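# Structure at a glance
Single-letter residue listing:
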Amino acid sequence: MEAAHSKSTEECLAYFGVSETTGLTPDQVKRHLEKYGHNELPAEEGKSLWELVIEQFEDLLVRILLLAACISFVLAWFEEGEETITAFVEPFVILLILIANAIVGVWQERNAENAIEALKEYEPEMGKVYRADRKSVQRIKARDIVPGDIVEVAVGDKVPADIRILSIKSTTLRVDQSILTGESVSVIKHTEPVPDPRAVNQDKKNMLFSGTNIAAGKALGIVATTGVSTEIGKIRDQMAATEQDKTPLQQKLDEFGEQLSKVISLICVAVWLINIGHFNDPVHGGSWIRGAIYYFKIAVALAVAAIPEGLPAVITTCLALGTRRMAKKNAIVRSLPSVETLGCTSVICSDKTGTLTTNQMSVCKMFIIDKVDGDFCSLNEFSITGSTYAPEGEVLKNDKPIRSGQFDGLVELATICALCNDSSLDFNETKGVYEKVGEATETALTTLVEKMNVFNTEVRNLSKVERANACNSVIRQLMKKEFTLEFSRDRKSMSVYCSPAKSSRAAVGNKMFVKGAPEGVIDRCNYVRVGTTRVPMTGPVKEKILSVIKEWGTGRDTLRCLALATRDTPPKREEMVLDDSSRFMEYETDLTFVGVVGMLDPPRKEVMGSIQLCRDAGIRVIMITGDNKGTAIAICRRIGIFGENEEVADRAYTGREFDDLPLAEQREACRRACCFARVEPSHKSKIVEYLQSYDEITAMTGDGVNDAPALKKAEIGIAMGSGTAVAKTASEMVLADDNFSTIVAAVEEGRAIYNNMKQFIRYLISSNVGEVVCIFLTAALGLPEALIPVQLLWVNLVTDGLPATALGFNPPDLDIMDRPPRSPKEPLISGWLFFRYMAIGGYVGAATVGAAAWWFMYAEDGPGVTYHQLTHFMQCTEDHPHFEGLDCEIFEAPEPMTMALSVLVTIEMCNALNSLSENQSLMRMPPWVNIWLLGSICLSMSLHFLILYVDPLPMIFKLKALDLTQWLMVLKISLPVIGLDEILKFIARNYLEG
Ligand SMILES: C/C=C(/C)C(=O)O[C@H]1C(C)=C2[C@H]([C@@H]1OC(=O)CCCCCCC)[C@@](C)(OC(C)=O)C[C@H](OC(=O)CCCCCCCCCCCNC(=O)OC(C)(C)C)[C@@]1(O)[C@H]2OC(=O)[C@@]1(C)O
Ligand SMILES: Nc1ncnc2c1ncn2[C@@H]1O[C@H](COP(=O)(O)OP(=O)(O)CP(=O)(O)O)[C@@H](O)[C@H]1O
Ligand SMILES: [Mg+2]
Ligand SMILES: [Mg+2]
Ligand code: NA
């Protein structure tokens, strides 16, 4: 293992003590592999169904439901009557429901994958090495490779392990570092070391990254690191090292169950306590034993009456409808419980280029020297038309079209472009557009030249597959591109060494054409071409050139700038070391300025807008880029991140500056900064760490393996649709169109969803509260069971579901994206609201209980002790001649329970309307504000009726109610609720808030 890419080539061969000629002797292997182990990323930990199922039974609510289903199952085996056979339908369903979870929770998980499981997709199976047990190449297995032994790589290989390169057999070595680094092109490699120990992957040019692919060539190397120590391994760790939290909804889950479990217990405490007399009045008579079976069968009744059985399924049902919904709007939510979190994103750190700007290069201005006298300068500035790389546009100065050949300065600037360019242009018939063959910034140049055909060369008598490069290729036949000095991140420029063909361009042997950042190339210029002549680059001449440079890249224009020059007297060919990039800055001096070229990477429309929405939304937007600060900034104001004129010094730091600042200011910077320029790897995460130190839900967006470590830890990681599998499987959402805006649009559904989601949740809960109250009373008073678990379930599952899940469509507020993103800590039911549902429930609890008992104490179709002596219904067959000479079996009558169970049903089909709104009266928001909710209610009612009329059913529950006698009685109980709410709902006006 060597963090050395900065070491000499022999220095490594030294460290490992290995023969670049022989390799590692089988001993070295046995010893190296035991200090280094195998080159491979650790396997996964997959739980068994056993383990899975067990989690499915680790919720307090699922358990409280399992203990209850036991007591029911246990009771349903204590009667000895032929009629009491439907005894196994209660403890049967409960299980069934609890079973349907485990079932779903497992398949739920079984289909989800690990972001890391996606990484191992980058590990090659075989490798190619050289060791002491053979002269010819040995082809082994990635993992059997050890830090040290000599490995060789070829054009068609995937790089196993991180290799410090020893020697390049090919004439050149190309690499696709795409997946785990900055920008991919055929990145070249060289053998000489890299001085800086703290070098960024891209800058370690003598290296072979594990997983990356060698595009072209065949070179030899010595393995630096193996395994998890390998550059990517270094990542896999990050990801595995991170743990993410439960959506502030799931958070609230445990919370509610924790309590819903405390309460419950307490009841049984109050309950057992109201029947304490049974300790100082019993005559040891025997009817005892049948009194314990009461508490036991009333306790499991208490459970299916405290837990919102059906809720779980209504929520996810609400979410999946929304997934598909956003999917239409190009947004892809990976895992849904995350929609909530998206709904309250505090900040969005998105990259610029790919998403914000369209990334469509096009030269808009050029500028070449026109004349220099004493101190008087004179430039020739231009304008170029054409968004597309498409070779279609016109060159104009002072808005007047202009032939290009008419000016020398241009004819050179033009060639330079065409020659110091590795890109080109290609046209396709499948879509009919002109596509970016190489790198955009280059493919745009190639384009520029096309538009200003310096040679007035007929191109309209040529097809469109030929128009693509007619003007370039011509300038290409005007020089012999001997070789090229690739771009390097320190001289921030590149150059092409050329020769002319024997007769035409003989004038001056070889010359050199360079292009890069104006700062550099310009200093390196000691002269300046004025048409066909040169002059001593002077003080004034320079300022004036940089002044326009700064004008373009800082002005509203927000243009990118390329300074073009040529080295007239290039060093002799054989005196150049075309293969040791260090010296490339030396070969690029004594330069003659030729002119700079400005081009734009236009922001995508809706962004400006989408940026504004965030404002009203209060959602912060941080722009992570690769532009220089001066340009990042501008660009921002151009979109709205900043407002032209705004002071931005503190709100925008740079890749470096940031690293400088101490952990102290690091944090600060982050809560206010909105523009990070020249960002590096770690940053995307350190920030996401500070943005978290401010309890801020923050969005992050990357595209490749290197971005994963953050995308993971970000509350909401957003991966590009044109991004790499891994990253995607790391983010919690994916953008097919990459449009930043799609993020904001997604942040919208995110709130909406949760608002309906939210309410429909409050609806089914309060009801569950009510139910509880019913059993409490049914129990505290002795009164016969008023409602049965087997019932309560049906309700909380169906008669309650269809209105709840229809509520999920409640018309979205108009002010959504006009209120700061929601708080996570904000509880679902509190304050006066608590008081409200605390009352509605206390209402239904009695409305139901009293209902069943009514049919017992006033209804004609079943007279009962009007003195309330039904309370002791427990004792009837006993003291048969006590106070009743009645048919003792009437207490277990169906009519009384269908009474309450129908006043419940209705009260909810009603309460499910004092919901369409929280405080806006129904006359201010009639139920017909939602077509679904109404319809749904009907489907439930024809249903509830299904359990009265369809013979198989009623016998399971209770028999039919006498229409207009008993039903009417039902209505004179429930309907009033609405009032009770409209009344609390009115207590709105009687307080400030609204
Ligand atoms: C429910 C029924 C009852 C009886 C209950 O105990 O509720 C209390 C309680 C706990 C509360 C409240 C409630 O307090 C009372 O009513 C006092 C008890 C008096 C009644 C007893 C008679 C003597 C709450 C409900 O009501 C009011 C109006 O006071 C409101 C609120 O609740 C919310 O905001 C809910 C949002 C939680 C988040 C929703 C998550 C649950 C949804 C999933 C359902 C899982 N169930 C299930 O069966 O799944 C399977 C797989 C099948 C097992 C919450 O104050 C909560 O405490 C909290 O921490 C909160 C923030 O939570
Ligand atoms: N095709 C090209 N050839 C030579 N130099 C180029 C170039 N395109 C840009 N440059 C110059 O080289 C410097 C760096 O190029 P770099 O590869 O970092 O650009 P980039 O801006 O395309 C990254 P990002 O796309 O993430 O914003 C630029 O700041 C510019 O001055
Ligand atoms: Mg570039
Ligand atoms: Mg990137
Ligand atoms: Na996460």
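Residues numbered from 1 in each chain as written, not as in the entry; some residues may be left out. Chains lettered and ligands numbered in written order. Heavy atoms only, no water.

Our focus in this paragraph is the site of ligand 1. Surrounding ligand 1, one finds 25 residues, the nearest of these being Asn101, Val263, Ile307, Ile829 and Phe834. The contact in question runs from an oxygen atom of ligand 1 to an N or O atom on the side chain of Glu255, over 3.4 Å. The separation between an oxygen atom of ligand 1 and a polar main-chain atom of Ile829 is 3.1 Å. Among the elements that line the shell around ligand 1, the one with the most residues is helix α7 (residues 248–274), at eight residues. Taken together, the residues that form the shell around ligand 1 break down as 20 nonpolar, two polar and three charged. (Near = heavy atom within 4 Å. Polar contact = N/O pair within 3.5 Å; in protein donor to acceptor, adjacent residues only side chain to side chain. Helix = DSSP H or I, 4+ residues; strand = E, 2+ residues; numbered from the N terminus. Nonpolar A, V, L, I, M, F, W, Y, C, P; charged D, E, K, R; others polar.)

Interaxial distance between helix α18 (residues 606–617) and helix α25 (residues 740–780) falls to 8 Å at its minimum, and their mutual angle equals 35 degrees. When you trace α18 past α25, the crossing you get is left-handed. Of α25, the residues touching α18 (which contributes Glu606, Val607, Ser610, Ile611, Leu613, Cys614 and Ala617) are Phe740, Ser741, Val744, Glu748 and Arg751. Across the contact of α18 with α25, the residue classes break down as seven nonpolar, two polar and three charged. (Axes fitted to C-alpha atoms, helices over the stretch in contact; angles between N-to-C directions. Left-handed = near helix turned anticlockwise from the far one by under 90°. Contact = heavy atoms within 4.5 Å.)

Another point: the pattern of salt bridges. This structure, assessed with the given rule, holds 47 salt bridges. With a shortest N-O distance of 3.9 Å, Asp27 and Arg31 are connected by a salt bridge. Taken together, the positions of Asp27 and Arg31, both in helix α2 (residues 26–36) and four residues apart, correspond to about one turn of that helix. Since its relative accessible area comes to 40%, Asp27 is described here as partly exposed. (Salt bridge = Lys/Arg side-chain N within 4 Å of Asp/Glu carboxyl O. Buried < 20%, exposed > 50% of the residue type's maximum accessible area, 1.4 Å probe, protein only.)

What follows deals with the domain arrangement of the chain. Per the domain assignment, the segments making up the chain are domain 1 (12–54 + 113–240), domain 2 (55–112 + 241–345 + 746–994), domain 3 (346–358 + 603–745) and domain 4 (359–602). Domain 1 and domain 4 are separated by 39 Å when their C-alpha centres are compared. Listed per partner, the contact involves seven residues of domain 1 and seven residues of domain 4. Both sides of the domain 1 and domain 4 interface together cover about 670 Å² of buried area, and 42% of this is carbon and sulfur. On inspection of domain 1 and its partner domain 4, the count reaches one salt bridge. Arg489 is paired through a salt bridge with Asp203; the nearest N and O atoms lie 3.2 Å apart. At the junction of domain 1 with domain 4, the criterion picks out four residue pairs in polar contact. (Domains from an automatic or database assignment. Buried area = accessible area lost by both parts, 1.4 Å probe.)

Once that is clear, we can look at helix α8 (residues 292–303). Helix length check: α8, at twelve residues, gives a terminal C-alpha distance of 17 Å against a target of 16 Å (1.5 Å per residue), a fit within 8%. Buried residues of α8: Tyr294, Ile298, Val300, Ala301, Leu302 and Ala303, and no others. Of the surrounding secondary structure, the elements contacted by the buried residues of α8 are α4 (60–75), α5 (90–110), α7, α25 and α26 (789–799). (Expected span 1.5 Å × (residues − 1).)

Taken together, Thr353, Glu439, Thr441, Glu442, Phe487, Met494, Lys515, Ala517, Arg560 and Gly626 form the complete shell of residues around ligand 2. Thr441 places a side-chain nitrogen or oxygen 2.8 Å from a nitrogen atom of ligand 2. Taking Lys515, its side chain carries an N or O atom lying 3.2 Å from a nitrogen atom of ligand 2. Notes on ligand 2: free accessible area 640 Å², of which the protein chains cover 75%. (Areas by Shrake-Rupley, 256 points an atom, 1.4 Å probe, with all protein chains shown as cover.)

Another aspect to go through is the nonpolar core. Side chains that are nonpolar tend, in soluble globular proteins, to be buried together. Among the nonpolar cores identified, the biggest contains 132 residues, and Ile641, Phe740, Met757, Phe760, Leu787, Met899 and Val903 are the most heavily contacted of them. The element best represented in this core is α25, accounting for 17 residues. Split by domain, this core shows at least three residues from each of two domains, domain 2 (55–112 + 241–345 + 746–994) and domain 3 (346–358 + 603–745). Once you skip the residues sitting within four places of it in the chain, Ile641 turns out to touch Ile611, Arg615, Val621, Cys636 and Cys674. If you look at the next biggest cluster of nonpolar residues, it comprises 61 residues, including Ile368, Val454, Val528 and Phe593. (Core = buried A, V, L, I, M, F, W, Y, C linked by side-chain atoms within 4.5 Å.)

Our next topic: the pairing of strand β28 (residues 698–702). The element β28 is largely enclosed, with a buried count of five among its five residues. Residues of β28 alternate between two faces, with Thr698, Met700 and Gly702 on one and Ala699 and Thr701 on the opposite face, all of them buried. Where strand β12 (residues 347–351) lies against β28, three bridges are found, and the strand directions are parallel. The residue bridging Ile348 from the neighbouring strand is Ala699, located in β28. With helix α23 (residues 708–713) bridging β28 and the parallel strand β29 (residues 716–720), this β-α-β connection has right-handed handedness. (Pairing = 2+ DSSP bridges. Right-handed = clockwise from strand over helix to strand, strands pointing away.)

Here we come to unusual backbone geometry. Even without being a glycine, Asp590 presents a positive backbone phi close to 55 degrees. Of note, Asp590 is situated in the loop between β24 (560–567) and β25 (591–599). Here the phi dihedral of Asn645 falls at roughly 100 degrees; this positive angle occurs in a residue that is not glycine. With respect to the element layout, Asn645 can be found in the loop between α19 (629–639) and α20 (655–660).

Per the UniProt entry, the sites bearing "active site" are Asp351 in this numbering. In this structure, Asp351 sits in strand β12. When near neighbours in sequence (up to four residues on either side) are disregarded, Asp351 contacts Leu356, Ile624, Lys684, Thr701 and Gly702. (UniProt positions renumbered as here; feature names shortened; annotations may be inferred.)

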